[PDB]
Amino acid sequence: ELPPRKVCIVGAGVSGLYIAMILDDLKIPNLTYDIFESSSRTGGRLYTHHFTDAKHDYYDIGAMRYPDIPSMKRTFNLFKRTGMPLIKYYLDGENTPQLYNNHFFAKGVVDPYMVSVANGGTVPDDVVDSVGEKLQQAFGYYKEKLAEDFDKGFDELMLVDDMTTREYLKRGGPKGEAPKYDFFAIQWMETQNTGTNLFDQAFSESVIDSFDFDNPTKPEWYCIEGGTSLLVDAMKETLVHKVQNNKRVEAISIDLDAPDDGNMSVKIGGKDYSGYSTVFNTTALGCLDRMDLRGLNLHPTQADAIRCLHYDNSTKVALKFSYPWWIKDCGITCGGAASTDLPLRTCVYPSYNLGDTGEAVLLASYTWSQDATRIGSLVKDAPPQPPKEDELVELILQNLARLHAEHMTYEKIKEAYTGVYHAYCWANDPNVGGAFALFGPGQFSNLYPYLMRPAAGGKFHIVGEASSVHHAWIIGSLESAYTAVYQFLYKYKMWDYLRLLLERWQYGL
């Protein structure tokens, strides 16, 4: 029979909970685990903010929307296994405004935003109306390969991973045989396609982003009615060993001079927790880098990956209104999102309140990168009280009025605002230190393989979305967790249970 063994799961986000879910399902004799979570809260970047207990009065600060595409099958299987109430999420709605250079988009008009050279701007005339087509030409080949087989497509994409998106567009691809674009053409493509400055990160990441958001299969999207935190609730409920919150791991070690399976330990608040046969670290890499890892003897390049792999920032701001004025007054009855060059950048109309006539939540601002850092500078842990003006609220109200100026006035939007809002900047969260991995040029092809290198003789695993090829998605966390469990069972040669893992979990259970 199997000897008694214990493993340590660092962090209680979806990766850590999924590891525990797999172990609980396999029911390996005499195997137990501790799950330590630094926060008082469980679920990590799955985080629903409830303004009240009212059915729809919430927004998702973390994960919100799921495209139903083959590479995401494991995520949807988790949704099914846990009985999640899925409803349609509308990525594109009806009547959503798009506002750039203070002009609204109009179909069938040349340069509606008046940013082209012909109109006194610097965007090349042959670019301004063509961003979709030109980026399709840039990304399209690789998206098609990714759609056939994600892993094979990814390996082929790695052959160009040395370039930033800007570099690829500037030079016409790796041999110069694709179209070459000037600075202002690329700037406009970035402005239309993504967050400020993000074309200065990996071309491969832009490709994958486009694969996920504009997938060749033209997928249905879903969200969880009641918020994504319902998944965390469901996952917690089934745990054989409950999450231990307020436990922040500060060091991880292995004693190589000890013959035992159980020769690993972690330190929490100066105290040693020992006897572990494997440690799965599930935290964002910023949190991992702060730990004292000397006791693991990590490869220097693996250590570099932990410090240097790039993370994007993201900020969300949600406001409550006495009625859904966007639905009633503006005819935006189907969800979707408005985009603009104004500071808010993106206004997302909830897909879960469409029938409500009373109080309603609007995700008024959703930003990334430098845009998110700038909104984030206004987001305080203790928002300013009414004896003072809230600069962030006034900014959002003013931007919303401009974006909605076709049907709304600032006065009306402000009058409908209830005075209740919430905002969150992920780079300001001490338990994450960023929104999610978005790698720089060369990182996937050079550093990532060392991040994923076996460590501590095969007993230490760096697990999570960053530790996968699908960054910024639940799927990345789940695939990473599944793969680490595979490696743990293999290491200890538990062949019955590895066979069972494959039988039950290969597509997810």
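So that there is no doubt, residue numbering starts at 1 and follows the sequence shown.
Relative to its counterpart among 449-457 and 42-50, 449-457 has the higher mean temperature factor, C-alpha atoms as listed in the PDB entry. Higher mean CA temperature factor between 82-90 and 315-323: 82-90, per the PDB entry. Of the candidates 217, 278, 399, 370, the deposited coordinates give 217 the top C-alpha B factor. Highest C-alpha temperature factor among 137, 302, 197, 377, as the PDB entry reports it: 137. Residue 470: CA B factor lies in the middle third for its chain, per the PDB record.
Sort the chain's modelled residues by C-alpha temperature factor and residue 343 lands in the lowest third, per the entry.
Among the modelled residues of its chain, residue 494 has a C-alpha B-factor that falls in the highest third according to the deposited record. In the PDB entry, residue 32 places in the middle third of its chain by CA B-factor. Annotation for residue 149: CA B-factor lies in the highest third of the chain's modelled residues.
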